[PDB]
Amino acid sequence: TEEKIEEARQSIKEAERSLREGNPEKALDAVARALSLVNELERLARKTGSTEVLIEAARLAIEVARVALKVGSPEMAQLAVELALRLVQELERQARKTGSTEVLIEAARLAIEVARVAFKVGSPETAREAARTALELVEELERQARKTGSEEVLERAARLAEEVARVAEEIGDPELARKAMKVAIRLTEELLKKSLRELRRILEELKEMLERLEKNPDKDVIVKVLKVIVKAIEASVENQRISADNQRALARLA
Amino acid sequence: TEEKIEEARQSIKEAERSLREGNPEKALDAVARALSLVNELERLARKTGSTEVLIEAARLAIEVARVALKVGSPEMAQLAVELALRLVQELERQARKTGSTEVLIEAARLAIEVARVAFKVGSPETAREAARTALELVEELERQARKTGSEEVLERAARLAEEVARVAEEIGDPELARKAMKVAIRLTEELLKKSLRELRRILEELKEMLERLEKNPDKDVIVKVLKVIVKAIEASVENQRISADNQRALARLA
Amino acid sequence: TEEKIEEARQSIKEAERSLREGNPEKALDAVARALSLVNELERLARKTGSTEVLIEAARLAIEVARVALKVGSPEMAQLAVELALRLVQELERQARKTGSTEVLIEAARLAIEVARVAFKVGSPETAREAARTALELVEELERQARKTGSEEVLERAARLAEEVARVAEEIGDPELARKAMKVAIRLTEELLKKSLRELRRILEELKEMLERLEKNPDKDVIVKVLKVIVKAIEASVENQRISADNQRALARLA
């Protein structure tokens, strides 16, 4: 099912070691074996349905394109990147049907690596479609992070969208860069919302831990006061950190 | 007087009852009564000079336009929207002759409702003018808020400026949408100025309440210090709320 | 050498006073003497290498152009402005070879005045080059401030870049005005970086001056606690100041 895949792992390890010796056709052999094996993983993983195989098959196909560039075959690298897109988009199908956010995050990281590699390879049309699929995954993290409400997927999706925009700036697509930056701003703004909501909580904590304890000048009361005072400063510092990332997200629209 | 208002309220009901019944000529008649009744309420209010009747006549004329749609009479709804602007502008005049900013605020809220209704109606030219008279009112709230110096009229005028922008986008008008967003950033910035100037005050309060009282570790001195520390934290929260509104006002330029 | 400067200072003063008398040719002569004397101050300063003589000769040539406009010779003013550019750009070469930031700042101010003067003069070509050289000086204050890390050369360069943008708007170059405003946002963001980092310092100070002294409620301990609490509020106000400058710097892109 999936242990026959370890042939692709070993054939890639042999490709880089036969490069240093000076054998061009024996190094292209270990690269071509990986390309044909990774091709079969596209259909072997469709039977097993495992997301991990599609991930590791995509990571191998990206490193094959990175090797095929140093070998001198921009056509082996073109196919290797085109085969990475087919694998990433299949994770996009399995991550919508399984609804897992973890796969959506690692699949978005793959689509970013596919885009950066495809320009050093020489296939910008597939790279633009790699950035388009990357924003599609980040926009699906938007939909799920606003449903689960987790302040961790909002942060990760905001980090990914800014990498998608920086990639799209390396691409030559300011349309995708400005789409990705806007997506980053809509996320980091709702991070400011939930972070300011936490300041509204600690404020009223620093109002009931006081207006009842302003009459009692106890030693333990005053120290309890000093404990809530700094636990409010600890949280207002983070909003000044989150608001700074908005001013950095807003500035990358320039 | 007061009864011709409830007469219009009953005829609007009869218009909606006769639509479920099926009578088209009698639903049009009940709408026709409403427009002629609301017209008389305009004439009567222009002679009594009451801001209440002008507001209750505008809110009737708006809902007459909403009913004149479902009846299938966009001409009756065009006139209904036109008559709402005639009433909103007559609130602009009595707000300058009575110097009341509360009439201005309630007149701008009406000018916004007229704009949203006039597209569902189908008279965008009167809707664009409803948005234009809505910015004329926000910009009068600028003048008077910069005269009375209230940090609340600036907030309402800024919220109105944003709502004028969101309407102007539903309108189409990207000129008014950008006018209303540049007017919004004008206000939300001067809110940060008047709010940071209040931090500079309480900072120097937390510096004279210490440099003298760092030597005296009294029970009343230390409790005095803890009272100014949180009254400063109460104020820095407001700047992190106003600066957050700036970042939302700036993000709507994208 | 440097005593011929005071001769030019008297000849410039003789021009405006002979304008009040009514002598047009003797006012043109006093301007012609100044332009020839300042020219000699340029040739002498290029051999002595003194930065102060290049500055004083530039400030004279600028006021020579200001007087040459009142007298009525826009050709003497075109030369006086071009000669000011020759002096500032030579300070740009000496300030890169000596690395002094004090010269870079005053030379950027000189270039700003050269631009504002040349439009009253009538040579917009030289004025636009005066603003280009101003941004070059400001962007060289970027390179030196990001090496020494001084949070104050970042402040001065940010104010210069904003003045260059104000000039460029008076120029008619929104290209430069947007270049200068993006240069300002680059600086005020790194001011936020090094100000939030100073806030990460005092956070962990308000954690180690507490979580060990939470158990020890001494009169000297709690006063030392209050000292660090306000020294944190001292710094978090400076971030809300700087972050407000980022929101004003970003709003100028509208």
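Those residues that are more than 21 Å from A:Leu196 (Cα to Cα) and assigned to a helix (DSSP H, G or I), I need them from region A:227-254; list them, please.
The first filter runs over region A:227-254 and keeps only residues more than 21 Å from A:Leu196 (Cα to Cα), leaving A:251-254.
Selection gives A:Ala251 alone.
For region C:171-225, which residues satisfy the criterion of being over 30 Å from C:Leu160 (Cβ atoms), among the charged types (D, E, K, R), assigned to a helix (DSSP H, G or I) and more than 14 Å from chain B (Cβ to nearest Cβ)?
Across region C:171-225, the qualifying residues are C:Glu204, C:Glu205, C:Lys207, C:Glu208.
Looking only at residues in region A:231-254 that are β-branched (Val, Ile, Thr) and facing chain B (nearest Cβ under 10 Å), which one is farthest from B:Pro217 (Cα to Cα)? Break it down into steps so the answer makes sense when it comes.
In the first step, residues of region A:231-254 are kept if they are β-branched (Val, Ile, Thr); the result is A:233, A:237, A:242.
Subsequent filtering for residues that are facing chain B (nearest Cβ under 10 Å) retains A:233, A:242.
Numbers: A:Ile233: 23, A:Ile242: 37 Å.
My answer is A:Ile242.
Restricting to region B:80-89, give me the number of residues that are surrounded by fewer than 21 Cβ atoms within 10 Å (Cβ to Cβ) and either without any contact (Cβ under 8 Å) to a residue 40 or more places away in the chain or in contact with a helix residue (DSSP H, G or I) (Cβ under 6 Å, 6 or more places away or on another chain) (or both). It would help to see each step written out before you state the result.
If we filter region B:80-89 for residues that are surrounded by fewer than 21 Cβ atoms within 10 Å (Cβ to Cβ), which is where we start, we get B:82, B:86, B:89.
Applying the additional criterion that residues be either without any contact (Cβ under 8 Å) to a residue 40 or more places away in the chain or in contact with a helix residue (DSSP H, G or I) (Cβ under 6 Å, 6 or more places away or on another chain) (or both) yields B:82.
Selection size over region B:80-89: 1.
Here is a list of conditions, (1) out of contact with any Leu (no Cβ under 7 Å at 6 or more places or on another chain); (2) surrounded by fewer than 23 Cβ atoms within 10 Å (Cβ to Cβ), and C:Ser73 meets all of them except one; can you say which number that is?
(1)
May I ask you to say which residue of B:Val88, B:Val121 is of a type outside the set (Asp, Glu) and either more than 12 Å from the chain's Cα centre (by Cα) or over 23 Å from B:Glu169 (Cβ atoms) (or both)?
Details: B:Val88 fails: either more than 12 Å from the chain's Cα centre (by Cα) or over 23 Å from B:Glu169 (Cβ atoms) (or both).
Checking each option against the conditions leaves just B:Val121.
In region C:148-194, which residues are surrounded by fewer than 21 Cβ atoms within 10 Å (Cβ to Cβ) and hydroxyl-bearing (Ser, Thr, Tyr)?
Of everything in region C:148-194, those that are surrounded by fewer than 21 Cβ atoms within 10 Å (Cβ to Cβ) and hydroxyl-bearing (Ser, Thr, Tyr) turn out to be C:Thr148, C:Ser150.
Among the residues of region A:9-45, which ones are more than 27 Å from the chain's Cα centre (by Cα), more than 14 Å from A:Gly72 (Cα to Cα) and among the acidic types (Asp, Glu)?
A:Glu14, A:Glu21
Could you check, for region B:122-143, whether at least one of its residues is in contact with a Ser or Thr (Cβ under 6 Å, 6 or more places away or on another chain), farther than 26 Å from B:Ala254 by Cα and in a helix (DSSP H, G or I)?
Of region B:122-143, the ones in contact with a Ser or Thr (Cβ under 6 Å, 6 or more places away or on another chain) are none.
No - not one qualifying residue is present in region B:122-143.
For B:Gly99, are the conditions met, namely being over 28 Å from B:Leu191 (Cα atoms) and surrounded by fewer than 20 Cβ atoms within 10 Å (Cβ to Cβ)? Steps first, answer last, please.
Working: over 28 Å from B:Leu191 (Cα atoms): no; surrounded by fewer than 20 Cβ atoms within 10 Å (Cβ to Cβ): yes.
Criteria not met by B:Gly99.
From the set of residues in region A:59-97 that are out of contact with any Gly (no Cβ under 9 Å at 6 or more places or on another chain) and among the polar types (S, T, N, Q), which is farthest from A:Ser18 (Cα to Cα)?
Among them, the one singled out is A:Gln89.
Return the pair list, or none, for Cβ contacts closer than 7 Å from residues in region C:140-159 that are in contact (Cβ under 8 Å) with a residue 60 or more places away in the chain to residues that are assigned to a helix (DSSP H, G or I) and of a type in the set (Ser, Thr, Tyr), at least 6 apart or on different chains.
Listed pairs, sorted by first residue: C:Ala158/C:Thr188.
Consider region C:17-30. How many of its residues are in contact with a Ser or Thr (Cβ under 7 Å, 6 or more places away or on another chain) and buried (at least 17 other Cβ atoms within 10 Å of the Cβ)?
Filtering region C:17-30 down to residues in contact with a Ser or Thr (Cβ under 7 Å, 6 or more places away or on another chain) leaves C:26-28, C:30.
Filter once more, keeping what is buried (at least 17 other Cβ atoms within 10 Å of the Cβ): C:27-28, C:30.
Number of matching residues: 3.
Please enumerate the residues belonging to region C:190-211 that are among the charged types (D, E, K, R) and either under 32 Å from the mean Cα position of the chain (by Cα) or farther than 25 Å from B:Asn216 by Cβ (or both).
Taking region C:190-211 and keeping what is among the charged types (D, E, K, R), we get C:190, C:193-194, C:197-198, C:200-201, C:204-205, C:207-208, C:211.
Of everything in region C:190-211, those that are among the charged types (D, E, K, R) and either under 32 Å from the mean Cα position of the chain (by Cα) or farther than 25 Å from B:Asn216 by Cβ (or both) turn out to be C:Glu190, C:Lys193, C:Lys194, C:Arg197, C:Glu198, C:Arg200, C:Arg201, C:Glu204, C:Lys207, C:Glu208, C:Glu211.
Every number in this text was worked out from the coordinates using simple rules, so none of it is lab data. In this analysis, Cβ positions are derived from the backbone assuming ideal geometry, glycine residues included, and neighbour counts consider all displayed protein chains.
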